[PDB]
Amino acid sequence: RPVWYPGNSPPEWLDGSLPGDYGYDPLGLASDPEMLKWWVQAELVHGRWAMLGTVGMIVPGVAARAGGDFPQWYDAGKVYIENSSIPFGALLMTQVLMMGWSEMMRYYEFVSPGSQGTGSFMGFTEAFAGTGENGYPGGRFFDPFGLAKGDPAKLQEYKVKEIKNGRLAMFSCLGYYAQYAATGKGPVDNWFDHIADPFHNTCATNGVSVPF
Amino acid sequence: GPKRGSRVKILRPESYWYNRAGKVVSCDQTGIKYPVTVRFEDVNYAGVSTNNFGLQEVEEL
Amino acid sequence: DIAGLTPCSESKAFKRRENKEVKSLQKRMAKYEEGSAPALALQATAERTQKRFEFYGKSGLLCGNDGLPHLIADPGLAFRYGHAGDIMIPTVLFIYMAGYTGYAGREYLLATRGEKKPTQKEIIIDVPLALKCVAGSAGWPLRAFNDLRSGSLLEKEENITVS
Amino acid sequence: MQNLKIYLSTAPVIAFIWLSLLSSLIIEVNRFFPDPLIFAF
Amino acid sequence: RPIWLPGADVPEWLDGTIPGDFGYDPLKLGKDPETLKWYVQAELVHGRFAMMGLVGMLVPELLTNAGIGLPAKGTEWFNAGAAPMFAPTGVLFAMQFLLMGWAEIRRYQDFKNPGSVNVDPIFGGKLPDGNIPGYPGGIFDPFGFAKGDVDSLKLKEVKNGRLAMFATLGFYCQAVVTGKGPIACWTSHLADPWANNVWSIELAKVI
Ligand code: CLA
Ligand code: CLA
Ligand SMILES: CC(/C=C/C=C(C)/C=C/[C@@]12O[C@]1(C)C[C@@H](O)CC2(C)C)=C\C=C\C=C(C)\C=C\C=C(C)\C=C\[C@@]12O[C@]1(C)C[C@@H](O)CC2(C)C
Ligand SMILES: CC(/C=C/C=C(C)/C=C/[C@@]12O[C@]1(C)C[C@@H](O)CC2(C)C)=C\C=C\C=C(C)\C=C\C=C(C)\C=C\[C@@]12O[C@]1(C)C[C@@H](O)CC2(C)C
Ligand SMILES: CCCCCCCS[C@@H]1O[C@H](CO)[C@@H](O)[C@H](O)[C@H]1O
């Protein structure tokens, strides 16, 4: 198996079948078998918020080239409550209400996979029952196109794509933060700035990353 | 008389296990003054986990 | 009023006591031009200190001759004459603070008692079992009465004595 | 990770960690709610 | 069987025996049997007061604020502390205490000795009883329910009692903050749901 840092062998505990398992645990935090399935969900969740976050940053940025007046991802928080029309408290506290429902629901299917779709949440049996893997609910709502139902050999082949596209969305979304704190400008602005004058726009020239 | 492994309460006035449960490791069939030998999970001051008693003192529960 | 005292708001030495501190403080911060944080840090404390004075005067504490707020123990005095917040209320707070950790220490010793060797279980805590007790300990007043009346709180007469 | 937990469960560790959770909390309660003589608020 | 949250526990000492049991007792107050017996009655007595009581808060203020028809004297439920007229609060209070405490010690000494609060000689006259444990029946069920819907009726008492208790606490905390009446707190939210929410005022607003 094509491990990272070729020439070594994977940590002996995880050689197993996990989508996108390259044998990378250099601090050995999967050593607890009970805890590993908790990290596998932890990644899957971050990978899914990443891939939504990245597009959510780039598109309003890319939208701004043609005009169309959007903000950058930073200071899009202000611009909305600048124009407001609903208070900040009501919004953040509707978050915690609706959002906390899903997560605290998402959790007790991880704890005990049987419940959450036994029934008696507005019916909806088998939509929430979960398909048995850690971070994959499946079902009617979460899976409207009925994918991950037919051929499994094609499914396991998506589960790999999802992670590998997720691990990249995270590692890019670390760039959006870091290259904002330095250049103080949007992600697609930088993607033009370096594509225009690559030589003087590079990382060493932001005056922050390379202090003197 | 009393039998091995069965729990016991000890009424011996001078003791660290007085009124404290213990398990007989062995009982002798003999005329020994202090035949029965108990064993306690607790530790004495001396570090002693076992002692011999008389039949008149040991009582089984 | 009570016990030959006066509410600190209508006190006098208390008002000296408040306004003598700011003077000694401000005469100190005249040594720092406002471009220094020490000019700000001292300022912020003078405004911080005056807040508490308007708080102590308002809340109705009783300052004796010295101008320092005293307290009053007796319920029949604190309650009837209106200020019980000195002890009478927080003496309830503490007991629920202290008994909670008190009774949460008893269950853990029970839960960890029956085992092969409880000793190693006292050194090395299993935090989940300790968490289930920290949770279960709440409402100990109602759970103490019940171990009290059911007879499960005491260990009765198999205790050991000497002579 | 098995044995790292069991060490973190030793008596002095929790004694440090859990007091530093009170200590910190009791410190910050005094940051936002300063100078609490009586329960008057 | 319904659970408070579907994935957790149903604690060992608690099975689904009694009605209104969804398996929620985090602090584990009831454990030994002779206690759980007690609290079950403590719930219903609350659940029953809360239902009746809340309607004392809800409806009178509703009438007044739902129109001119029969405006409620005493205004909002916490403005009816005033408007005693005939008798002084010193006496009218200790008339209650003496009067209630007769009936409610009768209720306890029944829980203590279940069969008969009062057997036919003592407490002259009266003593009809016809009493099962945990519910009085007898006098207190005049129309003669427990016609075979009991189990359902039992579930319908608790589940409404559970809610009126919880809803009552809102009346307290709301009025303690917004200083308005419930339908004032009601409509003002229903008017504009966002700005008139909680947590925009005084309480989570500490932020
Ligand atoms: C017109 C109204 C009226 C009504 C409805 C009643 C009804 C009753 N009277 Mg009566 N009574 C009346 C007028 C009335 N009385 C008048 C005008 C006088 C005086 C001339 C009396 C003098 C009187 C006496 C002397 C006796 C009754 C008794 C009774 C009870 C007999 C029933 C029984 O044995 O069942 C079982 C017994 C019951 C009491 C059923 C319980 C029903 C209710 C809930 C009990 C209420 C009792 C009352 C509140 C006690 C407190 C008042 C008192 C201590 C000052 C019955 C409740 C007998 C009794 O024991 O009551 C005092 C009795 O011996 N009556
Ligand atoms: C949590 C367990 C626990 C409980 C329920 C008690 C209960 C009691 N102790 Mg005690 N004690 C404990 C731990 C505990 N102790 C420890 C750990 C020590 C020292 C190593 C002592 C030292 C001690 C002395 C010297 C005396 C008592 C006394 C008493 C009695 C009066 C209460 C009192 O004033 O104590 C006051 C408490 C102290 C002075 C020290 C307590 C310090 C804290 C509470 C210990 C830490 C608790 C532990 C970390 C909890 C872990 C919880 C977690 C595992 C879930 C009461 C029966 C007194 C007595 O017998 O009078 C009747 C008495 O003279 N105890
Ligand atoms: C989830 C995520 C991003 C989510 C983005 C979101 C929600 C978007 C938010 C926004 O749209 C809003 C809300 C409003 C917009 O206007 C603005 C923003 C704010 C942009 C990033 C995760 C980012 C997470 C990252 C980058 C993590 C990198 C972790 C690494 C490399 C860890 C490696 C190791 O752990 C292993 C693998 C194994 C161990 O043995 C060794 C070590 C080293 C410990
Ligand atoms: C009875 C009650 C309210 C009664 C109100 C009455 C009579 C109102 C009367 C009035 O309005 C009128 C009639 C007219 C007005 O003019 C006068 C007044 C006087 C104003 C509230 C109970 C209120 C009771 C409440 C809110 C209880 C909430 C309990 C919860 C949330 C959970 C509790 C737990 O016990 C469990 C379930 C499991 C444990 O493990 C965990 C814990 C937490 C211990
Ligand atoms: C994470 C900060 C708190 C430190 C304690 C968390 C682990 S809890 C820990 O879990 C181990 C699992 O093998 C047990 O062996 C151990 O007894 C238990 O205390």
# chains A, B, ... in the order shown; residues from 1 in each chain; ligands from 1
call {"tool": "residues_near_ligand", "arguments": {"ligand": "ligand 4", "cutoff": "6 Å", "atoms": "only C-alpha atoms and all ligand atoms", "output": "list in words"}}
result
residues 24, 25, 26, 27, 28, 29, 46, 49, 50, 53, 54, 56, 57, 77, 78, 80, 165, 166, 168 and 169 of chain E
call {"tool": "residues_near_ligand", "arguments": {"ligand": "ligand 3", "cutoff": "7 Å", "atoms": "only C-alpha atoms and all ligand atoms", "output": "PyMOL selection string"}}
result
chain A and resi 24-29+46-47+49-50+52-54+56-57+72-77+170-171+173-174
call {"tool": "closest_atom_pairs", "arguments": {"of": "chain E", "to": "ligand 1", "cutoff": "10 Å", "atoms": "only C-alpha atoms and all ligand atoms", "output": "CSV"}}
result
residue,atom,partner,partner_atom_place_in_ligand_line,distance
E:120,CA,ligand 1,36 (C),9.4
E:123,CA,ligand 1,60 (O),9.0
E:124,CA,ligand 1,60 (O),5.7
E:125,CA,ligand 1,37 (C),3.4
E:126,CA,ligand 1,41 (C),3.6
E:127,CA,ligand 1,36 (C),7.0
E:128,CA,ligand 1,36 (C),7.0
E:139,CA,ligand 1,44 (C),8.8
call {"tool": "residues_near_ligand", "arguments": {"ligand": "ligand 2", "cutoff": "9 Å", "atoms": "only C-alpha atoms and all ligand atoms", "output": "PDB file with N, CA and C atoms, in the first residue's frame"}}
result
ATOM      1  N   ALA C  98     -20.324  22.356  49.307  1.00  0.00           N
ATOM      2  CA  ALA C  98     -19.469  21.436  50.038  1.00  0.00           C
ATOM      3  C   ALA C  98     -20.048  20.032  50.083  1.00  0.00           C
ATOM      4  N   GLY C  99     -21.325  19.905  50.408  1.00  0.00           N
ATOM      5  CA  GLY C  99     -21.914  18.583  50.441  1.00  0.00           C
ATOM      6  C   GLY C  99     -21.872  17.898  49.093  1.00  0.00           C
ATOM      7  N   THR C 101     -19.493  17.989  46.717  1.00  0.00           N
ATOM      8  CA  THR C 101     -18.232  17.262  46.681  1.00  0.00           C
ATOM      9  C   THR C 101     -18.122  16.269  47.822  1.00  0.00           C
ATOM     10  N   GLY C 102     -18.806  16.523  48.934  1.00  0.00           N
ATOM     11  CA  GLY C 102     -18.791  15.562  50.020  1.00  0.00           C
ATOM     12  C   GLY C 102     -19.472  14.267  49.634  1.00  0.00           C
ATOM     13  N   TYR C 103     -20.702  14.361  49.143  1.00  0.00           N
ATOM     14  CA  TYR C 103     -21.447  13.163  48.805  1.00  0.00           C
ATOM     15  C   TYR C 103     -20.962  12.527  47.516  1.00  0.00           C
ATOM     16  N   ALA C 104     -20.353  13.306  46.622  1.00  0.00           N
ATOM     17  CA  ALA C 104     -19.748  12.729  45.431  1.00  0.00           C
ATOM     18  C   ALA C 104     -18.498  11.939  45.762  1.00  0.00           C
ATOM     19  N   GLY C 105     -17.977  12.080  46.971  1.00  0.00           N
ATOM     20  CA  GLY C 105     -16.823  11.310  47.371  1.00  0.00           C
ATOM     21  C   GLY C 105     -17.237   9.994  47.979  1.00  0.00           C
ATOM     22  N   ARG C 106     -18.471   9.928  48.473  1.00  0.00           N
ATOM     23  CA  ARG C 106     -18.941   8.702  49.099  1.00  0.00           C
ATOM     24  C   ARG C 106     -19.370   7.680  48.059  1.00  0.00           C
ATOM     25  N   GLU C 107     -20.082   8.113  47.022  1.00  0.00           N
ATOM     26  CA  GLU C 107     -20.516   7.171  45.999  1.00  0.00           C
ATOM     27  C   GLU C 107     -19.323   6.547  45.291  1.00  0.00           C
ATOM     28  N   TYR C 108     -18.342   7.368  44.909  1.00  0.00           N
ATOM     29  CA  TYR C 108     -17.175   6.832  44.222  1.00  0.00           C
ATOM     30  C   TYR C 108     -16.537   5.720  45.028  1.00  0.00           C
ATOM     31  N   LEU C 109     -16.416   5.911  46.337  1.00  0.00           N
ATOM     32  CA  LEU C 109     -15.858   4.850  47.160  1.00  0.00           C
ATOM     33  C   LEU C 109     -16.771   3.641  47.201  1.00  0.00           C
ATOM     34  N   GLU C 122      -8.260   3.504  43.806  1.00  0.00           N
ATOM     35  CA  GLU C 122      -8.190   4.794  44.481  1.00  0.00           C
ATOM     36  C   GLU C 122      -7.047   5.650  43.960  1.00  0.00           C
ATOM     37  N   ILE C 125      -7.854   6.891  39.177  1.00  0.00           N
ATOM     38  CA  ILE C 125      -9.287   7.056  39.015  1.00  0.00           C
ATOM     39  C   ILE C 125      -9.652   6.678  37.593  1.00  0.00           C
ATOM     40  N   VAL C 127     -11.981   8.145  35.226  1.00  0.00           N
ATOM     41  CA  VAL C 127     -12.755   9.384  35.232  1.00  0.00           C
ATOM     42  C   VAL C 127     -14.194   9.144  34.809  1.00  0.00           C
ATOM     43  N   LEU C 129     -16.174   6.630  35.600  1.00  0.00           N
ATOM     44  CA  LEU C 129     -16.880   6.252  36.818  1.00  0.00           C
ATOM     45  C   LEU C 129     -16.949   7.413  37.792  1.00  0.00           C
ATOM     46  N   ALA C 130     -15.923   8.255  37.810  1.00  0.00           N
ATOM     47  CA  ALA C 130     -15.985   9.436  38.650  1.00  0.00           C
ATOM     48  C   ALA C 130     -16.930  10.475  38.071  1.00  0.00           C
ATOM     49  N   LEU C 131     -17.045  10.548  36.744  1.00  0.00           N
ATOM     50  CA  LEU C 131     -18.010  11.467  36.149  1.00  0.00           C
ATOM     51  C   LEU C 131     -19.437  11.036  36.445  1.00  0.00           C
ATOM     52  N   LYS C 132     -19.719   9.736  36.363  1.00  0.00           N
ATOM     53  CA  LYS C 132     -21.069   9.269  36.650  1.00  0.00           C
ATOM     54  C   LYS C 132     -21.462   9.574  38.084  1.00  0.00           C
ATOM     55  N   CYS C 133     -20.483   9.675  38.977  1.00  0.00           N
ATOM     56  CA  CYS C 133     -20.767  10.070  40.346  1.00  0.00           C
ATOM     57  C   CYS C 133     -20.922  11.578  40.482  1.00  0.00           C
ATOM     58  N   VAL C 134     -20.050  12.353  39.835  1.00  0.00           N
ATOM     59  CA  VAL C 134     -20.179  13.807  39.879  1.00  0.00           C
ATOM     60  C   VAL C 134     -21.534  14.233  39.344  1.00  0.00           C
TER      61      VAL C 134
ATOM     62  N   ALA D  15      -5.418  15.719  40.302  1.00  0.00           N
ATOM     63  CA  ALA D  15      -5.299  16.722  41.353  1.00  0.00           C
ATOM     64  C   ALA D  15      -4.794  18.039  40.788  1.00  0.00           C
TER      65      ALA D  15
END
call {"tool": "residues_near_ligand", "arguments": {"ligand": "ligand 5", "cutoff": "6 Å", "atoms": "only C-alpha atoms and all ligand atoms", "output": "list in words"}}
result
residues 125, 126 and 127 of chain C; 2, 5, 6, 8 and 9 of chain D
call {"tool": "residues_around", "arguments": {"residues": "residue 26 in chain B", "least_positions_apart": "4", "cutoff": "10 Å", "atoms": "only C-alpha atoms", "output": "number ranges by chain"}}
result
B: 2-6, 35-39, 52
call {"tool": "select_by_dssp", "arguments": {"residues": "range 25-88 of chain C", "states": "helix (DSSP H, G or I)", "output": "PyMOL selection string"}}
result
chain C and resi 25-29+37-59+75-78
call {"tool": "interface_residues", "arguments": {"of": "chain A", "to": "chain E", "cutoff": "10 Å", "atoms": "only C-alpha atoms", "output": "PyMOL selection string"}}
result
chain A and resi 85-94+104-105+107-121
call {"tool": "write_last_selection", "arguments": {"atoms": "N, CA, C and O atoms", "output": "compact mmCIF listing (two decimals), in the first residue's frame"}}
result
# COMPACT_ATOMS: atom_id res chain seq x y z
N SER A 85 -31.20 43.98 9.76
CA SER A 85 -32.64 43.75 9.67
C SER A 85 -33.08 42.67 10.65
O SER A 85 -34.28 42.57 10.96
N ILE A 86 -32.15 41.88 11.17
CA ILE A 86 -32.42 40.99 12.30
C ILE A 86 -31.21 41.06 13.23
O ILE A 86 -30.07 41.16 12.76
N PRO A 87 -31.40 41.01 14.54
CA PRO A 87 -30.28 41.23 15.46
C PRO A 87 -29.29 40.08 15.42
O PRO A 87 -29.57 39.00 14.92
N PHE A 88 -28.10 40.36 15.95
CA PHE A 88 -27.06 39.34 15.99
C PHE A 88 -27.41 38.23 16.97
O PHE A 88 -27.18 37.05 16.69
N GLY A 89 -27.97 38.59 18.13
CA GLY A 89 -28.29 37.59 19.13
C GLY A 89 -29.28 36.57 18.63
O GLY A 89 -29.09 35.37 18.79
N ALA A 90 -30.36 37.04 18.00
CA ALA A 90 -31.38 36.12 17.50
C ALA A 90 -30.80 35.14 16.49
O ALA A 90 -31.24 33.99 16.42
N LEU A 91 -29.82 35.58 15.71
CA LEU A 91 -29.25 34.71 14.69
C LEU A 91 -28.34 33.66 15.32
O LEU A 91 -28.48 32.46 15.04
N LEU A 92 -27.41 34.09 16.17
CA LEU A 92 -26.49 33.16 16.80
C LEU A 92 -27.20 32.18 17.71
O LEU A 92 -26.74 31.06 17.90
N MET A 93 -28.32 32.59 18.29
CA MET A 93 -29.07 31.74 19.19
C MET A 93 -30.10 30.88 18.48
O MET A 93 -30.69 30.00 19.11
N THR A 94 -30.37 31.15 17.21
CA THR A 94 -31.08 30.19 16.38
C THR A 94 -30.14 29.13 15.84
O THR A 94 -30.54 27.98 15.67
N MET A 104 -26.25 17.01 18.27
CA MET A 104 -26.63 16.14 19.37
C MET A 104 -27.52 15.00 18.90
O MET A 104 -27.67 14.01 19.62
N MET A 105 -28.11 15.12 17.72
CA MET A 105 -28.72 13.95 17.10
C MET A 105 -27.69 13.10 16.38
O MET A 105 -27.71 11.87 16.48
N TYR A 107 -24.85 12.63 17.20
CA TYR A 107 -23.99 11.98 18.16
C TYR A 107 -24.57 10.66 18.63
O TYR A 107 -23.89 9.63 18.63
N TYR A 108 -25.85 10.65 19.00
CA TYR A 108 -26.40 9.43 19.56
C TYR A 108 -26.67 8.35 18.52
O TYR A 108 -27.05 7.24 18.90
N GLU A 109 -26.49 8.64 17.25
CA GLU A 109 -26.37 7.54 16.31
C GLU A 109 -24.96 6.99 16.31
O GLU A 109 -24.76 5.79 16.07
N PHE A 110 -23.96 7.83 16.57
CA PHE A 110 -22.60 7.31 16.72
C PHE A 110 -22.47 6.48 17.99
O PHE A 110 -21.85 5.42 17.97
N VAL A 111 -23.00 6.98 19.10
CA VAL A 111 -22.97 6.23 20.35
C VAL A 111 -23.63 4.89 20.15
O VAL A 111 -22.97 3.85 20.18
N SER A 112 -24.94 4.90 19.94
CA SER A 112 -25.71 3.68 19.69
C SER A 112 -26.31 3.74 18.30
O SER A 112 -27.28 4.49 18.09
N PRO A 113 -25.80 2.99 17.33
CA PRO A 113 -26.29 3.12 15.96
C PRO A 113 -27.72 2.67 15.77
O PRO A 113 -28.34 3.02 14.75
N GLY A 114 -28.28 1.91 16.70
CA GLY A 114 -29.63 1.39 16.51
C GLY A 114 -30.68 2.48 16.52
O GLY A 114 -31.57 2.51 15.67
N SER A 115 -30.58 3.41 17.47
CA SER A 115 -31.61 4.42 17.66
C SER A 115 -31.50 5.46 16.55
O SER A 115 -30.78 5.28 15.56
N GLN A 116 -32.23 6.56 16.71
CA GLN A 116 -32.29 7.60 15.69
C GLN A 116 -32.82 7.02 14.39
O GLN A 116 -32.04 6.77 13.47
N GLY A 117 -34.12 6.79 14.32
CA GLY A 117 -34.71 6.03 13.23
C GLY A 117 -35.28 4.69 13.62
O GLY A 117 -35.77 3.97 12.75
N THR A 118 -35.24 4.32 14.90
CA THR A 118 -36.24 3.38 15.39
C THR A 118 -37.63 3.91 15.09
O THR A 118 -38.54 3.15 14.75
N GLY A 119 -37.80 5.20 15.23
CA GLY A 119 -39.07 5.84 14.95
C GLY A 119 -39.26 6.99 15.91
O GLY A 119 -38.33 7.44 16.57
N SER A 120 -40.50 7.46 15.96
CA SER A 120 -40.94 8.42 16.97
C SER A 120 -40.09 9.67 16.99
O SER A 120 -39.99 10.35 18.02
N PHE A 121 -39.45 9.99 15.88
CA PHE A 121 -39.18 11.37 15.51
C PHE A 121 -39.98 11.58 14.24
O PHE A 121 -39.52 11.25 13.15
call {"tool": "residues_around", "arguments": {"residues": "range 26-41 of chain D", "least_positions_apart": "2", "cutoff": "6 Å", "atoms": "only C-alpha atoms", "output": "short mmCIF file (atom, residue, chain, number, x, y, z; two decimals) with C-alpha atoms, in the first residue's frame"}}
result
data_model
loop_
_atom_site.label_atom_id
_atom_site.label_comp_id
_atom_site.auth_asym_id
_atom_site.auth_seq_id
_atom_site.Cartn_x
_atom_site.Cartn_y
_atom_site.Cartn_z
CA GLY C 85 -27.08 38.11 51.88
CA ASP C 86 -24.08 38.38 54.18
CA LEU D 22 -11.49 25.35 39.56
CA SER D 23 -8.65 27.79 40.10
CA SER D 24 -9.03 29.17 36.59
#
call {"tool": "residues_around", "arguments": {"residues": "range 137-153 of chain A", "least_positions_apart": "6", "cutoff": "10 Å", "atoms": "only C-alpha atoms", "output": "PyMOL selection string"}}
result
chain A and resi 106+109-110+124-131+159
call {"tool": "atom_distance", "arguments": {"atom1": "CA of residue 23 in chain B", "atom2": "CA of residue 151 in chain C"}}
result
26.5 Å
call {"tool": "residues_around", "arguments": {"residues": "range 16-29 of chain C", "least_positions_apart": "3", "cutoff": "6 Å", "atoms": "only C-alpha atoms", "output": "tab-separated table (two decimals) with C-alpha atoms, in the first residue's frame"}}
result
chain	number	residue	atom	x	y	z
C	13	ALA	CA	-15.91	57.50	57.55
C	32	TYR	CA	2.52	58.97	33.86
C	39	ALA	CA	-1.73	56.12	33.02
C	46	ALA	CA	-9.80	54.14	40.14
